[PDB]
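Methodologically, a virtual Cβ is constructed for each residue, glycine included, from the backbone with ideal geometry; neighbour enumeration extends over all protein chains shown. Numbers and lists here come from the model and the stated rules, or from a named source; these are not laboratory values.
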Amino acid sequence: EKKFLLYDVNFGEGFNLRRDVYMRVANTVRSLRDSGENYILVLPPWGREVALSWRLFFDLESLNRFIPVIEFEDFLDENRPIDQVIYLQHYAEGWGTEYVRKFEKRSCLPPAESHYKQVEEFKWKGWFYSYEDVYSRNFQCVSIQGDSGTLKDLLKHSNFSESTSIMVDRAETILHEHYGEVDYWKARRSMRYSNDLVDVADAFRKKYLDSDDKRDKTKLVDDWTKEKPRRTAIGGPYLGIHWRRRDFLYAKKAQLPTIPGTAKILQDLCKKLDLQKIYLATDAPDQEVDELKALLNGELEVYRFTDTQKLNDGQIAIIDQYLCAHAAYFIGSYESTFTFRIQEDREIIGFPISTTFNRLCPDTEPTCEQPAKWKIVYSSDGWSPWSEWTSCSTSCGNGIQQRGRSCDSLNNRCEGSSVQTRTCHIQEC
Ligand SMILES: Nc1nc2c(ncn2[C@@H]2O[C@H](COP(=O)(O)OP(=O)(O)O)[C@@H](O)[C@H]2O)c(=O)[nH]1
Ligand SMILES: *[C@@H]1O[C@H](CO)[C@@H](O)[C@H](O)[C@H]1NC(C)=O
């Protein structure tokens with residue numbers, strides 16, 4: 001008995017926050033399947049006016065090794081109705097002294113009812129990834145606190161037993177179960193980039209960066225399930241920088257360097273590491289990149305992927321990430337999920353952690369907070385130290401971060417909390 005899980009996320013969320021939510025939902029599907037449910041994940045079209053296949057960005061065969069996945073267009077070809085939408089929203093009273101995992105159907109909080117409308121008894125209209133003719137047979141809001149496992153529980157609740165296809169909107173509401181542990185990393189590891197994108201990126205490395213997998217020692221097994229831990233990747237003879245600006249300048253100024261600050265940082269790293277080539281991934285306008293270059297030493301060369309051909313903006317972004325990921329040394333931007341996904345690529349490729357978890361400091365704070373070191377994992381008073389805080393659950397609006405610790409109750413009292421939670425807010429949506 002096939003069942004289908006569809007999802008969407010807050011309209012304002014970017015590509016790389018959406019990549020993280022995929023992992024949350026993919027782990028819900030994993031749990032569902034481990035418990036005997038034949039669930040298939042339907043991949044949501046990439047949109048903000050467009051409705052683009054996952055193939056353009058990712059290797060489906062890789063994704064399919066973790067859980068069964070289909071494109072949304074394939075799902076439509078089966079002529080199956082969407083039986084139920086579950087919207088997903090917070091508990092209006094907010095979380096308490098413990099972060100209780102729970103869910104409950106509740107009246108819809110905004111903007112739910114401005115985004116879905118009952119036009120016939122079994123016809124609820126909504127965005128549905130820009131597809132005008134798609135609709136749901138049923139609709140409701142559910143307040144939820146919890147994780148991939150909690151979502152599993154919700155989807156198995158008797159209230160939805162008659163549905164075969166269910167769409168969970170505002171999926172960013174859900175947290176990772178076991179953040180940074182095996183299954184989190186299996187989901188991350190399965191998101192191999194599309195071969196065509198990897199080919200284009202490798203052509204650039206060869207032609208401009210004196211870089212290929214052979215010399216860089218960055219060759220990865222074709223089948224991600226066979227990856228093993230290593231810290232022996234060298235990378236091409238270049239420095240990678242993700243330079244996040246645009247909106248970050250107008251919601252995030254105090255923790256970013258200026259143009260001269262950035263120049264200084266790059267010059268210093270290049271001297272320390274004997275590198276003369278820099279790969280720059282940035283969203284900044286040409287002028288700003290031009291002013292950066294003009295502040296650098298004449299010996300240093302700055303490269304960017306700009307011969308983009310017929311490639312769409314998301315493909316270009318992936319290419320920038322892959323190129324940063326293969327540098328001898330990487331430095332990224334504060335709280336950017338585009339940067340977070342690069343750090344994860346480096347973990348997978350097998351670089352030393354020193355070369356990966358680095359962030360550009362603001363001009364007046366050279367000992368600024370550096371990113372949390374969530375390292376790749378392949379295997380599964382007496383309190384441990386607290387873990388790092390997780391990345392914010394949301395890239396815009398209010399979200400959640402947590403940190404955890406453990407204690408052996410058999411040989412110690414182990415009093416007090418093993419989890420802390422706090423609100424985070426990266427920028428406005
Ligand atoms: N090509 C390219 N695009 C970028 C870069 N940095 C930001 N962007 C664009 O801006 C978006 C920012 O949203 P997201 O990926 O969620 O990352 P975040 O806002 O940095 O957390 C990215 O998806 C890209 O479309 C970059 O270095 N290269
Ligand atoms: C299931 O549906 C009924 C309304 O028909 C509702 O009372 C109940 O709260 C729902 N259960 C959950 C756990 O959301």
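Based on this model, can you work out whether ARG65 counts as in contact with a helix residue (DSSP H, G or I) (Cβ under 6 Å, 6 or more places away or on another chain), basic (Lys, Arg) and surrounded by fewer than 22 Cβ atoms within 10 Å (Cβ to Cβ)?
It is true that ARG65 is in contact with a helix residue (DSSP H, G or I) (Cβ under 6 Å, 6 or more places away or on another chain), basic (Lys, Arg) and surrounded by fewer than 22 Cβ atoms within 10 Å (Cβ to Cβ).
Give me the residue from region 289-340 that is under 25 Å from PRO371 (Cα atoms) and among the charged types (D, E, K, R) and, out of that set, farthest from ligand 1 (Cβ to nearest atom).
Restricting to residues being under 25 Å from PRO371 (Cα atoms) and among the charged types (D, E, K, R), the top hit is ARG304.
What is the residue count in region 156-176 for residues that are closer than 25 Å to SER380 by Cβ and either within 16 Å of ligand 1 (Cβ to nearest atom) or in contact with a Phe, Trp or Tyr (Cβ under 8 Å, 6 or more places away or on another chain) (or both)?
So the answer is 1.
Within region 70-104, which residues are surrounded by 13 or more Cβ atoms within 10 Å (Cβ to Cβ), within 23 Å of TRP127 (Cβ to Cβ) and of a type in the set (D, E, K, R)?
Listed by number, the residues that qualify are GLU71, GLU73, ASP74, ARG80, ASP83.
Taking the options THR421, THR339, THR355, name whichever one is farther than 20 Å from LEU239 by Cβ and more than 16 Å from ligand 2 (Cβ to nearest atom).
Step by step, each of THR421, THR339, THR355 is checked, and only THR421 is farther than 20 Å from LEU239 by Cβ and more than 16 Å from ligand 2 (Cβ to nearest atom).
May I ask you to list the residues in region 141-182 that are charged (D, E, K, R) and within 16 Å of ligand 2 (Cβ to nearest atom)?
Listed by number, the residues that qualify are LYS152, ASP153, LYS156, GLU162, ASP169, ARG170.
Report whether or not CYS424 is in a loop (DSSP other than H, G, I, E, B) and either under 21 Å from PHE340 (Cβ atoms) or within 16 Å of ligand 1 (Cβ to nearest atom) (or both).
No; evaluated as a whole, the condition is false for this residue.
Cβ-Cβ under 6 Å, sequence separation 6+ or interchain: first residue in region 183-203 and under 11 Å from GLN315 (Cα atoms), partner in a loop (DSSP other than H, G, I, E, B). Which pairs?
Listed by first residue and then by second, the contacts come to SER194/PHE57; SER194/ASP59.
From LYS123, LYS105, which residue is basic (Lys, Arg) and either more than 13 Å from ligand 2 (Cβ to nearest atom) or closer than 26 Å to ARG19 by Cβ (or both)?
After ruling out the rest, the residue left standing is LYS123.
Having 3 or more residues that are within 16 Å of ligand 1 (Cβ to nearest atom) is the bar; report the helices (runs of 4 or more DSSP H) wholly within region 1-79 that clear it.
Filter on region 1-79 gives 15-34.
Can you pull out the residues in region 306-324 that are more than 15 Å from the chain's Cα centre (by Cα) and not in a loop (DSSP other than H, G, I, E, B)?
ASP313, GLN315, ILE316, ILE319, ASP320, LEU323, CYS324
Consider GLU172 carefully, then state whether it is out of contact with any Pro (no Cβ under 8 Å at 6 or more places or on another chain), assigned by TED's automatic domain parsing to the domain that holds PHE75, part of a loop (DSSP other than H, G, I, E, B) and charged (D, E, K, R).
It is false that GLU172 is out of contact with any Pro (no Cβ under 8 Å at 6 or more places or on another chain), assigned by TED's automatic domain parsing to the domain that holds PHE75, part of a loop (DSSP other than H, G, I, E, B) and charged (D, E, K, R).
Within the set of pairs 6+ apart or on separate chains, which have a first residue in region 407-429 that is under 24 Å from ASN10 (Cβ atoms), a second that is part of a loop (DSSP other than H, G, I, E, B) and away from ligand 1 (no atom under 16 Å from the Cβ), and C-beta atoms under 7 Å apart?
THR421/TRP95; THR421/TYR99
Any residue at all in region 34-50 that's surrounded by 16 or more Cβ atoms within 10 Å (Cβ to Cβ), under 22 Å from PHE103 (Cα atoms), more than 17 Å from the chain's Cα centre (by Cα) and charged (D, E, K, R)?
Yes; the residues of region 34-50 include at least one that is surrounded by 16 or more Cβ atoms within 10 Å (Cβ to Cβ), under 22 Å from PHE103 (Cα atoms), more than 17 Å from the chain's Cα centre (by Cα) and charged (D, E, K, R).
Considering only residues that are in a loop (DSSP other than H, G, I, E, B) and either surrounded by 17 or more Cβ atoms within 10 Å (Cβ to Cβ) or in contact with a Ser or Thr (Cβ under 7 Å, 6 or more places away or on another chain) (or both), which ones fall in region 288-303?
If the condition is that a residue be in a loop (DSSP other than H, G, I, E, B) and either surrounded by 17 or more Cβ atoms within 10 Å (Cβ to Cβ) or in contact with a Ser or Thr (Cβ under 7 Å, 6 or more places away or on another chain) (or both), then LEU296, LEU300 are the ones that fit.
All but one of (1) surrounded by fewer than 19 Cβ atoms within 10 Å (Cβ to Cβ); (2) over 20 Å from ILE174 (Cα atoms); (3) under 16 Å from the mean Cα position of the chain (by Cα) hold for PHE57; state the number of the condition that does not hold.
(1)
Is there a residue in region 163-172 that is at positive phi and under 27 Å from the mean Cα position of the chain (by Cα)?
For region 163-172, residues at positive phi and under 27 Å from the mean Cα position of the chain (by Cα): present.
Listed here are the residues, each with its yes/no results for (1) more than 16 Å from ligand 1 (Cβ to nearest atom); (2) assigned to a helix (DSSP H, G or I); (3) under 25 Å from the mean Cα position of the chain (by Cα).
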{"position": "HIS178", "(1), (2), (3)": "yes, no, yes"}
{"position": "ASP196", "(1), (2), (3)": "yes, yes, yes"}
{"position": "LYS206", "(1), (2), (3)": "yes, yes, no"}
{"position": "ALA233", "(1), (2), (3)": "yes, no, yes"}
{"position": "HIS242", "(1), (2), (3)": "no, no, yes"}
{"position": "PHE248", "(1), (2), (3)": "no, yes, yes"}
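Is it the case that some residue within region 98-107 is assigned to a loop (DSSP other than H, G, I, E, B), within 16 Å of ligand 1 (Cβ to nearest atom) and either under 21 Å from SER31 (Cα atoms) or not assigned by TED's automatic domain parsing to the domain that holds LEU17 (or both)?
no
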